[PDB]
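One structure below.
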Number of protein chains: 2
Amino acid sequence: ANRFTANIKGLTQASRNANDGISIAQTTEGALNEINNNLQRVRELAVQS
Amino acid sequence: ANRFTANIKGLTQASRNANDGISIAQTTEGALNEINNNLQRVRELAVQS
């Protein structure tokens, strides 16, 4: 029972760890989207030029 | 999707460029019409001379 308690604790915390990982991935994607939009506008300008 | 979008924007701007090209070409041709006519008149005048 003691060992099971230990494992339950560990995996329980690991769940929220992975959650935070998801969060950081989300934020990085959010920034990259706007970066892409800016670059596409730049390509518009380039073809114009 | 990103490449398709970039291509679409480029092609639209290129369409505008083509419109500019036709405009300039037809402007020059319009002027050339009167120029040629004037040379024809000069030919008539010299032949009369």
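Please note: Cβ atoms are built from the backbone with ideal geometry, for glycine as well, and neighbour counts cover all protein chains shown. Readers should treat all values here as calculations from the given coordinates under stated rules, not as data from a laboratory.
For chain B, what are the residues that are under 20 Å from the mean Cα position of the chain (by Cα), of a type in the set (A, V, I, L, M, F, W, C) and more than 11 Å from chain A (Cβ to nearest Cβ)?
B:18, B:22, B:24, B:25, B:31, B:32, B:35 - these are the residues of chain B that are under 20 Å from the mean Cα position of the chain (by Cα), of a type in the set (A, V, I, L, M, F, W, C) and more than 11 Å from chain A (Cβ to nearest Cβ).
May I ask you to say which residue of B:30, B:21 is among the small types (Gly, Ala, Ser) and either under 24 Å from residue A:47 (Cα atoms) or not in a helix (DSSP H, G or I) (or both)?
Unique residue meeting the criteria: B:21.
Given the criteria under 30 Å from residue A:47 (Cα atoms) and not aromatic (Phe, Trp, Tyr), does residue B:48 qualify?
Here the answer is no, as residue B:48 does not meet what is asked.
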